[PDB]
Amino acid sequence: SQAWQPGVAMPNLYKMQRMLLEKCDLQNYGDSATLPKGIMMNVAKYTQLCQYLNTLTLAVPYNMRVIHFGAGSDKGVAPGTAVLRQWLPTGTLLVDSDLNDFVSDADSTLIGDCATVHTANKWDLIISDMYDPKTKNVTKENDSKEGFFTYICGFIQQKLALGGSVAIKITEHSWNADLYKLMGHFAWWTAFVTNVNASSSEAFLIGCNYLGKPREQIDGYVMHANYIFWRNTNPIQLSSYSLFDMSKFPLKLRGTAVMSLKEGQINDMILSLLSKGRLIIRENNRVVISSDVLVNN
C-alpha cells in the first residue's frame, strides 16, 4: 500500500535502535520509476516531498518566509523552487540559493557558497537539496561530513523561527551527526524517502515544529546507522502514482499566529502550541538578505 503514498517515512521503531553503521546496499538499486511524460526527476521529487509535508503539522503563517538552498540544476534552472512556489500559499516570500548561477522563480536568488548567505530575518521553512557528489567514495570510511552541513546547523539554530520546519537532503555518504542531533530540537522528526527516487539512499531529514531546545538527546552517528539499517532491510517499491493526483497539492493556508517572544517567556504552554503547529515565534519586519563577496585581484 506504500506505492500510493508520496514516499515512505522512517518508522519510529527503527529510530529507537542502536545499529552499527553498515554499507547501504539497496535491493532496488538501479531500478527507476516511470515518470509522467516530460516530467523531470527533480520536479517529481519535490512534488512528493511537498505531498508528504502536507501530512505534517507545519506552521503556515501569513507572510510565510521560506528559504531554499541548493536550488540550481546543472541546466541553470530551479525545478525544486518552481514546485515550492506552486505549493506555498500565493504571496509567500521564497528565497533560493546555490553555488552556481541559475534562473529562478523565487522572489530573490543568491548565487555563491551557502556560507556566504546571511539574513536579517528568521524563516518559517528551510529546504535544502545541497549535495556534493565527491562524498560518494565507497572505498573510505563513512564519517560525518561537515562543509555545508555545518552552515545548515548554525543557520537552523540562529535563523529558524520557533515553530518552523526543515527538510534537509541527506544520502548514505552525505550526512552530518549534529544535524541528526538537531532533529531532537523539534517536536517531531523523520527521514523521508520519495517513492520516485526510492532506488537511491537519499532521504530528506525533516524537523517538524522547531522548539529551540533539546526535546530528546539523539546520537547522530547512531541515528544515521539506524537510517541505513532501515533502508537496507526495507525495500521501497519505486512509484510515480501520487504524481497523478494533484487536486489536494497546495499547502493549506492556516493563518498560523506569529508572536515576538523573548527566551524567558517560552513556557510549557507556548512549547505545546509550537509543538502542535499553531504558533510561530519571530519578528515580522522586512526580509533582508545578502551574500558576502570576497574581493581579490
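Counting begins at 1, following the sequence as shown.
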*On average, which has the higher Cα B-factor in the deposited entry, 262-270 or 55-63?*
262-270
*Mean C-alpha B-factor higher for 151-159, or for 129-137?*
129-137
*asked:* Looking at the C-alpha B-factor values in the deposited entry, which of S239, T256, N234, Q48 comes out highest?
replied: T256
*Between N226, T190, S73, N195, where does the Cα B-factor run highest in the record?*
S73
*Is the Cα B-factor recorded for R85 in the lowest, middle or highest third of its chain?*
lowest
*In terms of the chain's CA B-factor thirds, is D96 lowest, middle or highest?*
lowest
*Pull the Cα B-factor of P36 out of the PDB entry and bin it into the chain's lowest, middle or highest third.*
lowest
*Lowest, middle or highest third: where is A9 by C-alpha B factor in its chain?*
lowest
*Position of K181 among the chain's modelled residues by C-alpha B-factor, lowest, middle or highest third*: middle
